[PDB]
Amino acid sequence: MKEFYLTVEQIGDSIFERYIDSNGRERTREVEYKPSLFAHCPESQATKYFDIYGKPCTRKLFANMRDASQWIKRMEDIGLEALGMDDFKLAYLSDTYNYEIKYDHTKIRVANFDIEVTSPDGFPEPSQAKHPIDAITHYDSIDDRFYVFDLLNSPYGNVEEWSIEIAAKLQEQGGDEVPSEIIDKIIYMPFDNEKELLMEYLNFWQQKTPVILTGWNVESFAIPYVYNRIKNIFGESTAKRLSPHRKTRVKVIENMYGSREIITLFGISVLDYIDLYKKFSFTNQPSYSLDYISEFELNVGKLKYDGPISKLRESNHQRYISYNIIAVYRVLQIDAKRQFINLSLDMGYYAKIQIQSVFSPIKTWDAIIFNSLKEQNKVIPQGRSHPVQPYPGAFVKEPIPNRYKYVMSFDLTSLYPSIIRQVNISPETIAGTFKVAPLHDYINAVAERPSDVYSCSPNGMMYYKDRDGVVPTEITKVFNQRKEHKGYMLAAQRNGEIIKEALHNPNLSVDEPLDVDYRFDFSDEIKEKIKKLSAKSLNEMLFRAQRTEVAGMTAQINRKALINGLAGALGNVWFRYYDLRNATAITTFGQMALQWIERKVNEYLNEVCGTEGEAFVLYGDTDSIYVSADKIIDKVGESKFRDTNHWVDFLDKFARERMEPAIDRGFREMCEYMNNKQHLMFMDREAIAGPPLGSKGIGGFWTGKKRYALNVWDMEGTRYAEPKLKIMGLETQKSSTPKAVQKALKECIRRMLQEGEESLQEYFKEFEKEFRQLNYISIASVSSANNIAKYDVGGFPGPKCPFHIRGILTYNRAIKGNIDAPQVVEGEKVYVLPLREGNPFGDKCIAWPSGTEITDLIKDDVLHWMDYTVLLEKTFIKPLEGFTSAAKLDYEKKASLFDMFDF
DNA sequence: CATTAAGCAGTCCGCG
DNA sequence: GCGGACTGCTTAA
Ligand SMILES: Nc1nc2c(ncn2[C@H]2C[C@H](O)[C@@H](COP(=O)(O)OP(=O)(O)OP(=O)(O)O)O2)c(=O)[nH]1
Ligand SMILES: [Ca+2]
Ligand SMILES: [Ca+2]
Ligand SMILES: [Ca+2]
Ligand SMILES: [Ca+2]
Ligand SMILES: [Ca+2]
């Protein structure tokens, strides 16, 4: 088999590499790497090395990495460019693996762990690690085993061994309901003292040294806690055994009233699952407890226990250990669905970077581009310092706030990467400039043609048409991968709807789910079989289809993020290829493209409808247009349609067969105007929206820019079994909006769009009457808690103190003296509730850590003093007022002359 | 070591 | 009480 790295580190003049050899064995080696860098040399110098602008370079081979570093400094002092890869481990990986890396994940040791630490005096700080570690569960992906290290004797209590038999039993039978499918994979190890637990865990760690180290919050809690506890008990040399190279780095972060630390373990790639989730999931969650995320991802209930976690081990050691095990497994379950570890491995090996560098788009692209250029014997430019400079982005159209009955939307495929490729935007393809006219002159095709020789952007840049750019070349590779996965995702999505349609008529039989590949549209034969399947088999198939869709989503959306990240990176001062000429060439071209096609679509639709000067395009943002389709429907007449699906089909056909070709013609002209390298402006129909035929639904509304709701029947070729709400920007979409309020506002919207004003009025009345009965957590607002210290004046709010911070300070006063109350952590999220006048907390609101019940000693008073009137007004009524006034609709029946009568 | 556009909630302040 | 700067937060793209 081909060899591949596991980890790589630079320690002084040594490269330390863990790798898999040709026999598939894990190996380690220390290499005294001899790096090369480059200097510009005279033209008369015969060389095989050229910089990206074609200037000749001489290679300088150094005896060691320090020598190479010191030469860089001398060159800086001289005032001459020192070219080449300055991150030497990237050069090392490039030299060692001079081929496309084909890796085997089964040979990669992925470790998932978590620890338990009983603490009678508040949160057990990792930097101090003053309490015993009393449990570790460590799952190893090679053994496929949960290794459980259980402390039986502690200063905080002596306990009996955990029982696997009780653990497997249903909770309703007094058990812990440890999932049956892992019961046989648990290796249980009790310990009479912490020293032998820890010693044995370290020996175990040596035998089974993680390559990928993950788990929930491992980087901020488990890793630094274990490292520090071992340091305190055995000494720091022993703690360094957690590094296969015995080298660590301690990062102390000062928070005025916190002081925590992160530990770098050289030769291990830590990918904290919370960080992976935040980066790759494209959610913004109100809480990041494993409980909350597990419920969201897996629809599993919270791990329940009685009393505080500080007393769980002594009162219920059986449950304590089971919950430690289950928490480890839950992360594995989330990853089985989301596949972020797989994604990280794919991306890291593709780029030839340390796996943990997938968190950095700049590092990822630096390595991809370096590897591409190195292949052509080209030499990369030195990184330079640049002052931070704001620059212009996308165009957003101001919509007229209103209801919009029939809407069809269109948007550009992968816009910014497509612009890069169409225009040929790269550091080394710049051909010169032209004299800019105002943007609106390009939009309206009145400005002089920029160039008849080079490929142009309306920002004034010109690019070579007849040569490849590393940026277009490498962005295309990732785009093509992205396109493949999105195809799989969309096929699975359409397949899902086929199954959902079939679930309307399930067959009364005993059968099995069809063995199919959900990444491809079902054949006619498969569809015929599906129509004869039982509900049980259909529901199993639907789970499999959705799981396939999620996998495709992870794969496509994060590749989309990577390529959009390159367009953004051009505008980041730390990027080797930072260049506002290139960054603005993209954004400015995008603004022209949107407004050009707005014009073209208005012209086309007026023509085919036989009118003049009517505005069909009601809105647009960055690369999308929203077309009012009322006049299209009215042209044929609503009466002609048999049902909703009839007009949906009609608009679908209209968009594909009439509008899209016209759009294509419009963009091809634009391409010729800018004399671009390749026409890649592909604008396809996105949504078809409207009310159910014969209903009083309004179909859609806009309140303003980035704020709208649409009742969608077809999205990007997926014909829904049931209409789906597309809501963007409104409070239903925001993590700061109370959970029950998101739900109620969405139902208000559903009623508006699908049923009409009276239906809305009926729901509002009901919700207002029942609001006070909702659980306090379901009606609490949410906010991130940043710069808490800044506004803290003796426990009271300083000037300009934000509302949520005021709540935190109220909470801090209420819990002061009590050691057993949960502390608010700087930068994390809190629930927030307004408080009635004269409350015993002595302020207008309280805030506490999100995803938690508010501590028992103050929960009673919060409930009593909660301001329901303020909460309803602020979170529910005011946003609804926004929606309904925009839609020209009332949520409460207004007074009328009819009030004089008895109905 | 490492993208911009834009809406809304809230504080401070002016206001016989 | 409610608008106009200005901060903070969180979206859409
Ligand atoms: N830097 C950066 N730019 C973004 C991001 N999301 C969107 N944009 C910019 C670049 C996109 O090309 C453009 C249009 O956004 P879309 O959401 O329509 O995505 P895009 O067209 O890239 O892909 P698509 O094929 O429509 O899924 O807006 C992002 O997360 N980061
Ligand atoms: Ca725990
Ligand atoms: Ca798009
Ligand atoms: Ca059937
Ligand atoms: Ca879009
Ligand atoms: Ca599309």
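Quick note on labels: first sequence line is chain A, next is B, and so on, each numbered from 1. Note that these values count all heavy atoms, side chains included, but never hydrogens, waters or copies made by symmetry.
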* A/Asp843 bridged to A/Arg806 by N-O distance under 4.0 Å ->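 A/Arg806 and A/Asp843: salt-bridged.
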Could you check whether [X] gets within reach of a base, just the sugar-phosphate, or nothing at all, counting any heavy atom under 4.0 Å?
X: A/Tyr791; value: sugar-phosphate
X: A/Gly704; value: nothing
X: A/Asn787; value: nothing
X: A/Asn284; value: sugar-phosphate
X: A/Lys251; value: nothing
X: A/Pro799; value: sugar-phosphate
X: A/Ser735; value: sugar-phosphate

Mind calculating the distance between [atom1] ([X]) and [atom2] ([N]) to the nearest angstrom?
X: A/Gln742; N: C/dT10; atom1: CD; atom2: P; result: 13 Å
X: A/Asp621; N: B/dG7; atom1: CG; atom2: P; result: 11 Å
X: A/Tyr626; N: C/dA12; atom1: OH; atom2: P; result: 11 Å
X: A/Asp623; N: B/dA5; atom1: CG; atom2: P; result: 15 Å
X: A/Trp702; N: B/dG7; atom1: CH2; atom2: P; result: 15 Å
X: A/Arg707; N: B/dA9; atom1: CZ; atom2: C1'; result: 12 Å
X: A/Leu872; N: B/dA9; atom1: CG; atom2: P; result: 14 Å
X: A/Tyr578; N: B/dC1; atom1: OH; atom2: P; result: 18 Å

Return no unless some side-chain N or O of [X] is found under 4.0 Å from OP1 or OP2 of [N].
X: A/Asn572; N: B/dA2; result: no
X: A/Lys706; N: B/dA6; result: no
X: A/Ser784; N: C/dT10; result: yes
X: A/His804; N: C/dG8; result: no
X: A/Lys874; N: B/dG10; result: yes
X: A/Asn786; N: C/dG8; result: no
X: A/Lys726; N: C/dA12; result: no

* Name the one of A/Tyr619, A/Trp702, A/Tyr626 that satisfies ring-ring contact (aromatic ring centres under 6.0 Å, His included) with A/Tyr404? ->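 Exactly one option meets the ring-ring contact (aromatic ring centres under 6.0 Å, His included) with A/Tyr404, and it is A/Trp702.
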* Asked: When you check the side-chain N and O atoms of A/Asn371 and A/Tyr350, is any donor under 3.5 Å from an acceptor?
  ->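 No - no donor-acceptor pair under 3.5 Å links their side chains.
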* Do we see a donor-acceptor contact under 3.5 Å between the side chains of A/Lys278 and A/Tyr288? ->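 Side chains of A/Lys278 and A/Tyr288: no pair found under 3.5 Å.
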* To do: Assess whether side-chain contact (heavy atoms from CB on, under 4.5 Å) is satisfied between A/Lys363 and A/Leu90, documenting all intermediate values.
  => CA-CA 10 Å; A/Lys363 181 62 60 171; A/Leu90 295 192; 3.8 Å; yes
Nearest of [options] to any side-chain atom of [X]?
X: A/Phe803; options: B/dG10, C/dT10, B/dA9; result: B/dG10
X: A/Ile362; options: B/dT11, C/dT11, B/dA2; result: B/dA2
X: A/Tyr708; options: C/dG8, C/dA12, B/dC1; result: C/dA12
X: A/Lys878; options: B/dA9, B/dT11, B/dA2; result: B/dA9

* **A/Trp848: which of A/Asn812, A/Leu833, A/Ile808 passes side-chain contact (heavy atoms from CB on, under 4.5 Å)** =>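 Of all the options given, the one that passes is A/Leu833.
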* B/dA2 base stacked by A/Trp574 (centroids within less than 5.5 Å, tilt under 30°) ->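 Stacking between A/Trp574 and B/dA2: present.
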* **Closest heavy-atom pair and its distance - A/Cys845, A/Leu835** =>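 In terms of heavy atoms, the two residues are closest at C-CD2, 3.6 Å.
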* Asked: What closest approach, in Å, do A/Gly851 and A/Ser287 show between heavy atoms, and which atom pair accounts for it?
  ->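 For A/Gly851 versus A/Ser287, the nearest heavy atoms are CA-OG, 3.4 Å.
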* Pull out every residue in residues 390-399 of chain A that has a heavy atom closer than 4.0 Å to any atom of DNA chain B, ordered by number, or say none. =>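 Residues of residues 390-399 of chain A that come under 4.0 Å of DNA chain B are, in numerical order, A/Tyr391, A/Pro392, A/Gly393, A/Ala394, A/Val396.
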* For side-chain hydrogen bond (donor to acceptor under 3.5 Å, both in side chains), just list the numbers for A/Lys89 and A/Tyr33, CA-CA rounded to whole Å, side-chain angles, deciding distance to a tenth of an Å, and then say yes or no. => CA-CA 9 Å; A/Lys89 61 202 171 296; A/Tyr33 181 60; over 6 Å; no
